[PDB]
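Here is structure_14.cif, consisting of mmCIF, C-alpha atoms and all ligand atoms:
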```cif
data_protein
loop_
_atom_site.label_atom_id
_atom_site.label_comp_id
_atom_site.auth_asym_id
_atom_site.auth_seq_id
_atom_site.Cartn_x
_atom_site.Cartn_y
_atom_site.Cartn_z
CA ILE A 1 1.60 -6.87 -20.76
CA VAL A 2 4.41 -5.18 -18.83
CA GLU A 3 6.17 -6.97 -15.95
CA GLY A 4 4.00 -10.06 -16.30
CA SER A 5 4.89 -13.70 -16.82
CA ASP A 6 4.25 -16.49 -19.31
CA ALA A 7 0.79 -17.98 -18.93
CA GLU A 8 0.42 -21.60 -17.96
CA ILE A 9 -1.19 -23.90 -20.52
CA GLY A 10 -4.96 -23.59 -20.24
CA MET A 11 -4.69 -20.77 -17.68
CA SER A 12 -7.00 -18.40 -19.61
CA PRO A 13 -9.07 -20.61 -21.92
CA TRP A 14 -11.49 -17.75 -22.59
CA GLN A 15 -8.66 -15.70 -24.15
CA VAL A 16 -9.37 -14.66 -27.74
CA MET A 17 -7.05 -13.06 -30.31
CA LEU A 18 -8.60 -10.60 -32.77
CA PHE A 19 -6.69 -11.12 -36.03
CA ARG A 20 -6.66 -9.05 -39.20
CA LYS A 21 -7.03 -11.07 -42.41
CA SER A 22 -4.96 -8.87 -44.68
CA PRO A 23 -2.28 -8.04 -43.70
CA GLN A 24 -2.24 -10.95 -41.23
CA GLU A 25 -1.58 -9.30 -37.86
CA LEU A 26 -2.73 -9.17 -34.27
CA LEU A 27 -5.32 -6.44 -33.69
CA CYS A 28 -6.53 -6.90 -30.12
CA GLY A 29 -7.45 -9.25 -27.32
CA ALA A 30 -10.98 -10.41 -26.58
CA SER A 31 -12.76 -13.05 -24.48
CA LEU A 32 -15.10 -16.00 -25.01
CA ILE A 33 -18.39 -15.67 -23.12
CA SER A 34 -20.38 -18.50 -24.78
CA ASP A 35 -19.96 -20.86 -27.72
CA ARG A 36 -20.98 -18.09 -30.14
CA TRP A 37 -20.22 -14.72 -28.49
CA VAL A 38 -16.92 -12.86 -28.01
CA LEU A 39 -16.46 -9.71 -25.92
CA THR A 40 -13.91 -6.98 -26.73
CA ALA A 41 -13.27 -3.23 -26.56
CA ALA A 42 -15.15 -1.01 -29.00
CA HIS A 43 -11.93 0.83 -29.87
CA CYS A 44 -10.53 -2.47 -31.24
CA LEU A 45 -13.11 -2.14 -34.02
CA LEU A 46 -13.99 1.57 -34.28
CA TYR A 47 -11.64 4.48 -33.60
CA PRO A 48 -12.05 7.24 -36.20
CA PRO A 49 -9.10 9.33 -34.93
CA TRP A 50 -6.83 6.54 -36.24
CA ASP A 51 -8.98 5.79 -39.33
CA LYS A 52 -10.03 2.48 -37.76
CA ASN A 53 -13.43 1.08 -38.72
CA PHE A 54 -13.37 -2.67 -39.25
CA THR A 55 -16.17 -4.72 -40.77
CA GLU A 56 -16.90 -8.38 -40.05
CA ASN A 57 -15.18 -9.62 -43.18
CA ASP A 58 -11.96 -7.85 -42.24
CA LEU A 59 -11.46 -10.00 -39.16
CA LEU A 60 -11.02 -13.42 -37.63
CA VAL A 61 -10.94 -14.57 -34.02
CA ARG A 62 -8.40 -17.16 -32.87
CA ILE A 63 -9.42 -19.10 -29.76
CA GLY A 64 -7.42 -21.53 -27.64
CA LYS A 65 -4.06 -19.87 -28.30
CA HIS A 66 -0.88 -19.70 -26.25
CA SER A 67 1.85 -18.80 -28.74
CA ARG A 68 1.50 -15.28 -30.15
CA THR A 69 2.75 -15.97 -33.68
CA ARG A 70 2.53 -19.74 -34.25
CA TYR A 71 -0.40 -21.45 -35.92
CA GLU A 72 -1.21 -23.87 -33.11
CA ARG A 73 -2.41 -26.83 -35.11
CA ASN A 74 -4.94 -29.15 -33.39
CA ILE A 75 -5.28 -26.68 -30.49
CA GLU A 76 -6.44 -23.27 -31.62
CA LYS A 77 -9.67 -22.73 -33.51
CA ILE A 78 -10.24 -19.90 -35.97
CA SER A 79 -13.73 -18.42 -36.39
CA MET A 80 -15.29 -15.98 -38.84
CA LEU A 81 -17.57 -13.20 -37.59
CA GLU A 82 -21.28 -13.06 -38.32
CA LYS A 83 -21.88 -9.60 -36.87
CA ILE A 84 -20.26 -6.86 -34.80
CA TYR A 85 -22.24 -4.85 -32.21
CA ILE A 86 -20.75 -1.69 -30.72
CA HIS A 87 -22.31 0.05 -27.76
CA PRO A 88 -24.49 2.88 -29.18
CA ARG A 89 -23.12 5.35 -26.63
CA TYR A 90 -19.46 4.38 -27.02
CA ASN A 91 -17.62 7.70 -26.73
CA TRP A 92 -14.67 7.54 -29.10
CA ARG A 93 -14.65 11.35 -29.40
CA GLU A 94 -13.57 12.03 -25.80
CA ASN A 95 -12.61 9.37 -23.25
CA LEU A 96 -13.63 5.90 -24.53
CA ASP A 97 -16.68 5.88 -22.22
CA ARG A 98 -18.58 2.57 -22.68
CA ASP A 99 -15.67 0.93 -24.52
CA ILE A 100 -17.40 -2.38 -25.24
CA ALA A 101 -18.36 -4.47 -28.26
CA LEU A 102 -19.74 -7.93 -28.96
CA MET A 103 -18.86 -10.22 -31.88
CA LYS A 104 -21.17 -13.07 -32.87
CA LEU A 105 -19.42 -16.01 -34.52
CA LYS A 106 -20.66 -17.54 -37.76
CA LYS A 107 -20.60 -21.01 -36.18
CA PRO A 108 -20.29 -22.14 -32.56
CA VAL A 109 -16.81 -23.05 -31.33
CA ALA A 110 -16.12 -26.45 -29.80
CA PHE A 111 -14.96 -26.27 -26.20
CA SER A 112 -11.79 -28.14 -25.19
CA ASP A 113 -9.07 -28.13 -22.54
CA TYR A 114 -7.89 -24.87 -24.17
CA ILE A 115 -11.24 -23.25 -25.08
CA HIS A 116 -13.82 -22.45 -22.41
CA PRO A 117 -15.99 -19.42 -21.57
CA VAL A 118 -15.58 -16.99 -18.70
CA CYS A 119 -18.53 -15.91 -16.54
CA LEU A 120 -19.99 -12.43 -16.57
CA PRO A 121 -20.65 -10.96 -13.13
CA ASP A 122 -23.98 -10.65 -11.43
CA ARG A 123 -24.63 -7.53 -9.34
CA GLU A 124 -23.68 -9.23 -6.07
CA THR A 125 -20.40 -10.67 -7.33
CA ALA A 126 -19.49 -7.24 -8.78
CA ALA A 127 -20.39 -5.46 -5.55
CA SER A 128 -18.37 -7.91 -3.46
CA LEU A 129 -15.24 -8.05 -5.58
CA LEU A 130 -14.88 -4.60 -7.20
CA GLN A 131 -13.16 -3.11 -4.15
CA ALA A 132 -9.94 -1.15 -3.86
CA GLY A 133 -7.03 -3.46 -3.11
CA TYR A 134 -8.70 -6.57 -4.49
CA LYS A 135 -6.66 -8.05 -7.32
CA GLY A 136 -7.68 -9.20 -10.74
CA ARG A 137 -5.76 -10.71 -13.62
CA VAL A 138 -5.04 -9.25 -17.06
CA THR A 139 -3.84 -11.31 -20.01
CA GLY A 140 -2.66 -10.49 -23.50
CA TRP A 141 -0.12 -10.68 -26.30
CA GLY A 142 0.58 -6.93 -26.36
CA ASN A 143 3.80 -5.04 -25.90
CA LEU A 144 6.15 -5.98 -23.07
CA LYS A 145 7.13 -2.32 -22.57
CA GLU A 146 5.89 1.09 -23.61
CA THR A 147 8.88 1.88 -25.82
CA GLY A 155 9.11 -5.95 -27.89
CA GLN A 156 6.41 -8.58 -28.29
CA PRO A 157 6.05 -11.80 -26.30
CA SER A 158 6.50 -15.35 -27.52
CA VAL A 159 3.46 -16.57 -25.57
CA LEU A 160 0.44 -15.18 -23.74
CA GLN A 161 1.37 -12.95 -20.78
CA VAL A 162 -0.38 -12.68 -17.39
CA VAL A 163 -0.21 -10.08 -14.61
CA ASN A 164 -2.21 -9.73 -11.38
CA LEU A 165 -3.08 -6.15 -10.42
CA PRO A 166 -5.00 -4.48 -7.58
CA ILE A 167 -8.08 -2.35 -8.18
CA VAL A 168 -7.37 1.27 -7.23
CA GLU A 169 -9.49 3.72 -5.23
CA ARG A 170 -11.55 5.90 -7.55
CA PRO A 171 -10.12 9.24 -6.26
CA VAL A 172 -6.59 7.98 -6.96
CA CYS A 173 -7.68 6.93 -10.45
CA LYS A 174 -9.20 10.37 -11.08
CA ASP A 175 -6.20 12.26 -9.67
CA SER A 176 -3.75 10.33 -11.89
CA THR A 177 -5.01 11.77 -15.18
CA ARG A 178 -6.54 14.77 -16.90
CA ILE A 179 -8.92 12.50 -18.85
CA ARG A 180 -12.50 12.54 -17.53
CA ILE A 181 -13.26 9.25 -15.80
CA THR A 182 -16.77 7.80 -15.67
CA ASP A 183 -18.65 5.21 -13.66
CA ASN A 184 -18.27 2.89 -16.69
CA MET A 185 -14.52 2.63 -15.96
CA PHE A 186 -12.29 1.45 -13.16
CA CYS A 187 -8.52 1.52 -12.89
CA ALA A 188 -5.94 -0.95 -11.61
CA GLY A 189 -2.23 -1.12 -10.90
CA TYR A 190 0.31 -0.69 -8.13
CA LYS A 191 1.15 2.68 -6.59
CA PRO A 192 4.76 3.97 -6.83
CA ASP A 193 5.37 3.17 -3.16
CA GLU A 194 4.07 -0.41 -3.38
CA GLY A 195 7.23 -1.62 -5.16
CA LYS A 196 5.60 -4.21 -7.43
CA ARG A 197 4.82 -3.18 -11.01
CA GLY A 198 2.77 -4.26 -14.00
CA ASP A 199 0.28 -2.98 -16.55
CA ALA A 200 -1.42 -3.70 -19.83
CA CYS A 201 -0.02 -2.05 -22.96
CA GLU A 202 -0.77 -1.51 -26.65
CA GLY A 203 -1.98 -4.79 -28.17
CA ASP A 204 -3.69 -5.90 -24.94
CA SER A 205 -6.76 -3.78 -25.79
CA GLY A 206 -10.01 -5.68 -25.54
CA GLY A 207 -8.67 -8.51 -23.40
CA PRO A 208 -10.11 -9.47 -20.07
CA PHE A 209 -9.59 -8.37 -16.47
CA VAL A 210 -10.77 -11.39 -14.47
CA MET A 211 -11.29 -12.24 -10.80
CA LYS A 212 -11.79 -15.65 -9.20
CA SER A 213 -14.82 -15.59 -6.95
CA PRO A 214 -13.97 -16.95 -3.46
CA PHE A 215 -17.66 -17.79 -3.04
CA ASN A 216 -18.08 -20.28 -5.92
CA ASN A 217 -14.51 -20.63 -7.27
CA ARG A 218 -15.47 -19.44 -10.78
CA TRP A 219 -13.66 -16.85 -12.88
CA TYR A 220 -15.61 -13.70 -13.75
CA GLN A 221 -14.74 -11.01 -16.26
CA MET A 222 -14.99 -7.69 -14.44
CA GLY A 223 -13.20 -5.50 -16.96
CA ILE A 224 -11.99 -5.02 -20.52
CA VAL A 225 -8.57 -3.53 -21.26
CA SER A 226 -9.49 -0.03 -22.45
CA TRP A 227 -6.86 2.72 -22.11
CA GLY A 228 -3.77 4.04 -20.42
CA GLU A 229 -1.32 6.89 -20.75
CA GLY A 230 1.88 5.03 -21.52
CA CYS A 231 2.45 1.59 -19.99
CA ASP A 232 3.56 0.83 -16.42
CA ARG A 233 4.44 4.44 -15.62
CA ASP A 234 4.79 5.41 -11.97
CA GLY A 235 1.67 7.23 -10.82
CA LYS A 236 -0.40 6.10 -13.82
CA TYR A 237 -2.94 3.28 -13.90
CA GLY A 238 -4.59 1.17 -16.56
CA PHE A 239 -8.28 1.77 -17.19
CA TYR A 240 -10.82 -0.95 -17.80
CA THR A 241 -14.39 -1.01 -19.05
CA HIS A 242 -16.73 -1.81 -16.14
CA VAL A 243 -18.42 -4.90 -17.54
CA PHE A 244 -21.20 -5.19 -14.98
CA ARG A 245 -22.24 -1.55 -15.54
CA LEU A 246 -22.88 -2.40 -19.20
CA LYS A 247 -24.43 -5.81 -18.70
CA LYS A 248 -27.96 -4.60 -19.56
CA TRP A 249 -26.69 -3.72 -23.04
CA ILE A 250 -24.89 -7.08 -23.29
CA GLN A 251 -28.07 -8.96 -22.39
CA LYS A 252 -30.17 -6.91 -24.82
CA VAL A 253 -27.84 -7.70 -27.73
CA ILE A 254 -27.59 -11.40 -26.97
CA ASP A 255 -31.33 -11.76 -26.31
CA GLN A 256 -32.30 -10.02 -29.56
CA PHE A 257 -29.56 -11.44 -31.80
CA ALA B 7 -23.47 -22.81 -16.49
CA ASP B 8 -20.04 -24.36 -16.74
CA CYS B 9 -18.62 -20.85 -17.17
CA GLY B 10 -15.46 -19.81 -15.40
CA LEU B 11 -14.30 -23.35 -14.49
CA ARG B 12 -11.13 -24.17 -16.39
CA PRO B 13 -10.67 -27.73 -17.73
CA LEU B 14 -7.00 -27.87 -16.71
CA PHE B 15 -7.46 -26.24 -13.27
CA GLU B 16 -10.81 -26.00 -11.45
CA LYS B 17 -12.26 -29.04 -13.23
CA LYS B 18 -9.29 -31.15 -11.99
CA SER B 19 -8.90 -29.35 -8.63
CA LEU B 20 -5.48 -28.01 -9.68
CA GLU B 21 -4.41 -24.45 -8.82
CA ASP B 22 -2.40 -22.21 -11.09
CA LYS B 23 0.80 -20.68 -9.78
CA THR B 24 -0.56 -17.23 -8.82
CA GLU B 25 -4.32 -17.49 -8.18
CA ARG B 26 -3.58 -17.57 -4.45
CA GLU B 27 -2.34 -13.97 -4.77
CA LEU B 28 -5.85 -13.01 -5.84
CA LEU B 29 -7.52 -14.91 -3.00
CA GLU B 30 -5.24 -13.32 -0.41
CA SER B 31 -6.29 -9.84 -1.58
CA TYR B 32 -10.01 -10.56 -1.04
CA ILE B 33 -10.03 -9.39 2.57
CA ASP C 1 6.02 -12.08 -38.17
CA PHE C 2 3.06 -14.46 -37.91
CA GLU C 3 2.96 -18.01 -39.20
CA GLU C 4 0.57 -18.22 -42.14
CA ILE C 5 -2.83 -19.56 -41.13
CA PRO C 6 -4.61 -22.20 -43.26
CA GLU C 7 -6.06 -20.71 -46.44
CA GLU C 8 -9.49 -22.16 -45.60
CA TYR C 9 -10.04 -19.41 -43.04
CA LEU C 10 -9.19 -16.69 -45.56
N1 LIG D 301 -3.09 6.48 -24.81
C1 LIG D 301 -4.53 6.63 -25.10
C2 LIG D 301 -5.21 7.57 -24.08
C3 LIG D 301 -6.64 7.91 -24.44
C4 LIG D 301 -6.93 8.61 -25.60
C5 LIG D 301 -8.24 8.89 -25.94
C6 LIG D 301 -9.27 8.47 -25.13
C7 LIG D 301 -8.99 7.79 -23.97
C8 LIG D 301 -7.68 7.51 -23.62
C9 LIG D 301 -5.15 5.24 -25.18
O1 LIG D 301 -5.01 4.46 -24.25
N2 LIG D 301 -5.84 4.90 -26.28
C10 LIG D 301 -6.10 5.68 -27.49
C11 LIG D 301 -7.28 4.97 -28.11
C12 LIG D 301 -7.05 3.52 -27.75
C13 LIG D 301 -6.44 3.56 -26.34
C14 LIG D 301 -5.36 2.50 -26.18
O2 LIG D 301 -4.25 2.63 -26.72
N3 LIG D 301 -5.70 1.45 -25.44
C15 LIG D 301 -4.75 0.41 -25.10
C16 LIG D 301 -3.87 0.61 -23.93
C17 LIG D 301 -2.71 1.33 -23.79
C18 LIG D 301 -2.18 1.30 -22.49
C19 LIG D 301 -2.95 0.58 -21.65
BR1 LIG D 301 -2.66 0.26 -19.83
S1 LIG D 301 -4.32 -0.11 -22.42
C1 LIG D 302 -17.99 2.71 -39.86
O1 LIG D 302 -18.13 2.02 -41.12
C2 LIG D 302 -19.48 1.64 -41.42
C3 LIG D 302 -19.42 0.81 -42.68
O2 LIG D 302 -18.25 1.10 -43.42
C4 LIG D 302 -20.32 2.90 -41.58
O3 LIG D 302 -21.67 2.55 -41.87
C5 LIG D 302 -20.26 3.72 -40.30
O4 LIG D 302 -20.95 4.95 -40.49
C6 LIG D 302 -18.82 4.00 -39.88
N1 LIG D 302 -18.80 4.66 -38.58
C7 LIG D 302 -18.08 5.75 -38.32
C8 LIG D 302 -18.20 6.30 -36.93
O5 LIG D 302 -17.36 6.28 -39.17
NA NA D 303 -7.74 14.39 -12.67
NA NA D 304 1.65 2.60 -12.97
#
```

What would the structure in this file look like if it were written as C-alpha cells?
Ligand SMILES: N[C@H](Cc1ccccc1)C(=O)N1CCC[C@H]1C(=O)NCc1ccc(Br)s1
Ligand SMILES: *[C@@H]1O[C@H](CO)[C@@H](O)[C@H](O)[C@H]1NC(C)=O
Ligand code: NA
Ligand code: NA
Amino acid sequence: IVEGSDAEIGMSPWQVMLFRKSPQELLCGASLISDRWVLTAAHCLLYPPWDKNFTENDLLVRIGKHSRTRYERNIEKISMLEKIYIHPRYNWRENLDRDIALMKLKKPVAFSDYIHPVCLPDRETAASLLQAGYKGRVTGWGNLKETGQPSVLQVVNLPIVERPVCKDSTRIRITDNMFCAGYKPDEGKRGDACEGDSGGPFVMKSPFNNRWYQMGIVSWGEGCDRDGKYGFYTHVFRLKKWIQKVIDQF
Amino acid sequence: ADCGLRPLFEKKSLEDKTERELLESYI
Amino acid sequence: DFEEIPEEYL
C-alpha cells in the first residue's frame, strides 16, 4: 500500500495473509467471508506467465494478523487449505478478467476480536455504493512504493473512478468485471495498492446498515501510485453467481 | 449474519479514525 | 525476513 497508514488493531478483521510454506514468504492478501471460506485474486494462485501455479498443499492462510513478519502468538490463526477454486473464465492470458478465486479451509476458524468475516454485497448495496467519487478502503502488507515493506498492515481510502477515466488511463482492455480507484493528478491526495497487496479487499461501509461490504479484490495496476494511473479491482458483485455456485456445491 | 460488524468497532459503537472519510463521500 | 511459524502448521 502506497501513501497509506498503519491499521488500527482490529480495523480489518477479515484480512487474510496468503503464506507460502517453503520458502516461508508472503504471497498475497485475501479476505475471510465465513468461518470456512477465503476470497482472493486468481492470479495469486495461477499466473502461467510467471510460472505460478500453486496447489493447496503449497499454501497456508494466516488470519487475525497485524504485524507483517511476526508470528502473533495467541492472536493469529493459521489454517490449511482443503481446496482451491479458480473462476473457469479467469483470463490470465490477456487482462486478468474475472480475477477471483475461493479457498476452502480444512477446518473452520474461530472468530475473535481480531478474526471476523466481511459481507459480500447484494445487488442493491452494489448499485448504491459503486459510484464514481464514493470511497472504499484497501488494506495489505504489500510494497510501500513501486521501486520497502511495512511493519504492520497498511490502510488507504480511495475514491472509485468514472469508467471512461479508467479506460482512458491504460491500453489494457477493461471489462465490466473490473472497476478502478484512486485520486486524479489534480486532486492532490495520493495512494494506491502495490505488489504484495494482490487479492486483498476493497471494502465500503454501508451507510444504510453500518456493515462493511467487500466490493473489490486487488487485481492489477501499471506501477504503483503513478499520476494518471489507477488501481484495478475485481468487481465482486458481478461474479457473485459464481461465488454462490461454488459455496453451495462445495 | 454477523458479517461486516467488527468486534472492536461496530460491536462496541466505536469508530475508527478514517471511516468518516468514507461516509462523507457517499453523497 | 519472517519469524518462523510453529512446525505444527508445516
Ligand atoms: N503490472 C501488471 C499489469 C497487467 C498485466 C497483465 C494483465 C493485466 C494487468 C499487473 O498488475 N499484474 C501482472 C499480473 C499480476 C498483476 C499484479 O501485479 N497485480 C498486483 C498489483 C500491482 C499494482 C497494483 Br495497484 S495491484
Ligand atoms: C495448474 O496445475 C494443475 C496441477 O499441477 C494442473 O492440473 C493445471 O493444468 C495447471 N494449470 C495451468 C493453466 O497450467
Ligand atoms: Na484506453
Ligand atoms: Na494514480

Item to complete: Name all residues at most 6 Å from residue 208 of chain A (count all atoms listed in the file; drop same-chain ones fewer than 4 positions away) and give them as number ranges by chain.
Response: A: 138, 223-224

Practice prompt. May I ask you to write as a VMD selection string all residues lying at most 9 Å from ligand LIG 301 (chain D), with all atoms listed in the file counted?
Written response: chain A and resid 1 to 2 41 43 to 44 47 49 to 50 91 to 97 146 179 to 180 188 199 to 206 225 to 232 236 to 240

Item to complete: May I have the residues within 9 Å of segment 1-8 of chain C as an MDAnalysis selection string, using only C-alpha atoms and disregarding those fewer than 5 positions away in the same chain?
Response: chainID A and resid 24:26 68:71

Could you save the residues just selected, with C-alpha atoms, as a short mmCIF file (atom, residue, chain, number, x, y, z; two decimals), in the frame of the given file?
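Writing the result to selection08.cif gives the following:
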```
data_model
loop_
_atom_site.label_atom_id
_atom_site.label_comp_id
_atom_site.auth_asym_id
_atom_site.auth_seq_id
_atom_site.Cartn_x
_atom_site.Cartn_y
_atom_site.Cartn_z
CA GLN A 24 -2.24 -10.95 -41.23
CA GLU A 25 -1.58 -9.30 -37.86
CA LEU A 26 -2.73 -9.17 -34.27
CA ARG A 68 1.50 -15.28 -30.15
CA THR A 69 2.75 -15.97 -33.68
CA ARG A 70 2.53 -19.74 -34.25
CA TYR A 71 -0.40 -21.45 -35.92
#
```

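For ligand NA 303 (chain D), the neighbouring protein, DNA and RNA residues, which are those within 8 Å when all atoms listed in the file are counted, are residues 173, 174, 175, 176, 177, 178, 179 and 180 of chain A.
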
Item to complete: May I have the residues within 12 Å of ligand LIG 302 (chain D), computed using only C-alpha atoms and all ligand atoms, as a PyMOL selection string?
Response: chain A and resi 42-43+45-58+84-93

What would the file look like if the residues just selected were written as a PDB file, keeping the file's coordinate frame with C-alpha atoms?
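Full text of part25.pdb as output:
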```pdb
ATOM      1  CA  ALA A  42     -15.150  -1.010 -29.000  1.00  0.00           C
ATOM      2  CA  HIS A  43     -11.930   0.830 -29.870  1.00  0.00           C
ATOM      3  CA  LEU A  45     -13.110  -2.140 -34.020  1.00  0.00           C
ATOM      4  CA  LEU A  46     -13.990   1.570 -34.280  1.00  0.00           C
ATOM      5  CA  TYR A  47     -11.640   4.480 -33.600  1.00  0.00           C
ATOM      6  CA  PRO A  48     -12.050   7.240 -36.200  1.00  0.00           C
ATOM      7  CA  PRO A  49      -9.100   9.330 -34.930  1.00  0.00           C
ATOM      8  CA  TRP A  50      -6.830   6.540 -36.240  1.00  0.00           C
ATOM      9  CA  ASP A  51      -8.980   5.790 -39.330  1.00  0.00           C
ATOM     10  CA  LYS A  52     -10.030   2.480 -37.760  1.00  0.00           C
ATOM     11  CA  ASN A  53     -13.430   1.080 -38.720  1.00  0.00           C
ATOM     12  CA  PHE A  54     -13.370  -2.670 -39.250  1.00  0.00           C
ATOM     13  CA  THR A  55     -16.170  -4.720 -40.770  1.00  0.00           C
ATOM     14  CA  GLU A  56     -16.900  -8.380 -40.050  1.00  0.00           C
ATOM     15  CA  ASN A  57     -15.180  -9.620 -43.180  1.00  0.00           C
ATOM     16  CA  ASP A  58     -11.960  -7.850 -42.240  1.00  0.00           C
ATOM     17  CA  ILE A  84     -20.260  -6.860 -34.800  1.00  0.00           C
ATOM     18  CA  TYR A  85     -22.240  -4.850 -32.210  1.00  0.00           C
ATOM     19  CA  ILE A  86     -20.750  -1.690 -30.720  1.00  0.00           C
ATOM     20  CA  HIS A  87     -22.310   0.050 -27.760  1.00  0.00           C
ATOM     21  CA  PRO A  88     -24.490   2.880 -29.180  1.00  0.00           C
ATOM     22  CA  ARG A  89     -23.120   5.350 -26.630  1.00  0.00           C
ATOM     23  CA  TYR A  90     -19.460   4.380 -27.020  1.00  0.00           C
ATOM     24  CA  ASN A  91     -17.620   7.700 -26.730  1.00  0.00           C
ATOM     25  CA  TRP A  92     -14.670   7.540 -29.100  1.00  0.00           C
ATOM     26  CA  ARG A  93     -14.650  11.350 -29.400  1.00  0.00           C
TER      27      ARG A  93
END
```

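Every protein or nucleic acid residue with an atom no more than 8 Å from residue 64 of chain A, counting only C-alpha atoms and leaving out same-chain residues fewer than 4 positions away, appears here: residues 13, 14, 15, 16, 75, 76, 77, 114 and 115 of chain A.
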
Item to complete: Quote the spacing between atom CA of residue 10 of chain C and atom CA of residue 108 of chain A in Å to one decimal place.
Response: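 So the two atoms, atom CA of residue 10 of chain C and atom CA of residue 108 of chain A, lie 17.9 Å apart.
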
Worksheet item: In Å, with one decimal, what is the gap from atom CA of residue 66 of chain A to atom CA of residue 11 of chain A?
Response: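 So the answer is 9.4 Å.
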
Worksheet entry | Nearest-residue call for chain C, choices A:61, A:18, A:222, A:39, using all atoms listed in the file |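 Residue with the minimum atom-to-atom distance to chain C: A:61.
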
Worksheet item: Nearest to ligand NA 304 (chain D): which of A:212, A:170, A:191, A:62 is it, counting all atoms listed in the file?
Response: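 Looking at the shortest contact to ligand NA 304 (chain D), the residue is A:191.
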
Fill in: Non-local contacts of residue 11 of chain B (9 Å; only C-alpha atoms; under 5 positions in same chain excluded) as number ranges by chain
A: 116-119, 217-219; B: 16-17

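You will find atom CA of residue 143 of chain A at 15.7 Å from atom CA of residue 30 of chain A.
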
Item to complete: Counting only C-alpha atoms, collect the residues of chain A whose closest atom lies at most 10 Å from chain B, and write them out as a count of residues only.
Response: 47

Output file request: chain B, with C-alpha atoms, as a PDB file, in the first residue's frame.
```pdb
ATOM      1  CA  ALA B   7     -25.478 -12.652   9.572  1.00  0.00           C
ATOM      2  CA  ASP B   8     -22.979 -11.003  11.870  1.00  0.00           C
ATOM      3  CA  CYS B   9     -20.873 -10.195   8.806  1.00  0.00           C
ATOM      4  CA  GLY B  10     -19.218  -6.823   8.421  1.00  0.00           C
ATOM      5  CA  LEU B  11     -19.604  -5.750  12.087  1.00  0.00           C
ATOM      6  CA  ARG B  12     -16.187  -5.517  13.702  1.00  0.00           C
ATOM      7  CA  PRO B  13     -15.804  -6.666  17.329  1.00  0.00           C
ATOM      8  CA  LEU B  14     -13.561  -3.722  18.255  1.00  0.00           C
ATOM      9  CA  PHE B  15     -15.601  -1.059  16.391  1.00  0.00           C
ATOM     10  CA  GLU B  16     -19.233  -1.509  15.311  1.00  0.00           C
ATOM     11  CA  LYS B  17     -19.966  -4.085  18.022  1.00  0.00           C
ATOM     12  CA  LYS B  18     -18.826  -1.562  20.692  1.00  0.00           C
ATOM     13  CA  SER B  19     -20.106   1.557  18.861  1.00  0.00           C
ATOM     14  CA  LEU B  20     -16.538   2.824  18.393  1.00  0.00           C
ATOM     15  CA  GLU B  21     -15.449   4.479  15.132  1.00  0.00           C
ATOM     16  CA  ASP B  22     -12.068   4.025  13.526  1.00  0.00           C
ATOM     17  CA  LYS B  23     -10.017   7.096  12.700  1.00  0.00           C
ATOM     18  CA  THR B  24     -10.901   7.404   8.985  1.00  0.00           C
ATOM     19  CA  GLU B  25     -14.271   5.710   8.350  1.00  0.00           C
ATOM     20  CA  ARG B  26     -15.902   9.147   8.414  1.00  0.00           C
ATOM     21  CA  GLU B  27     -13.975   9.957   5.214  1.00  0.00           C
ATOM     22  CA  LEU B  28     -15.879   7.138   3.529  1.00  0.00           C
ATOM     23  CA  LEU B  29     -19.265   8.281   4.851  1.00  0.00           C
ATOM     24  CA  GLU B  30     -18.667  11.851   3.701  1.00  0.00           C
ATOM     25  CA  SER B  31     -18.051  10.624   0.139  1.00  0.00           C
ATOM     26  CA  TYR B  32     -21.430   8.834  -0.041  1.00  0.00           C
ATOM     27  CA  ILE B  33     -23.319  11.843  -1.361  1.00  0.00           C
TER      28      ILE B  33
END
```
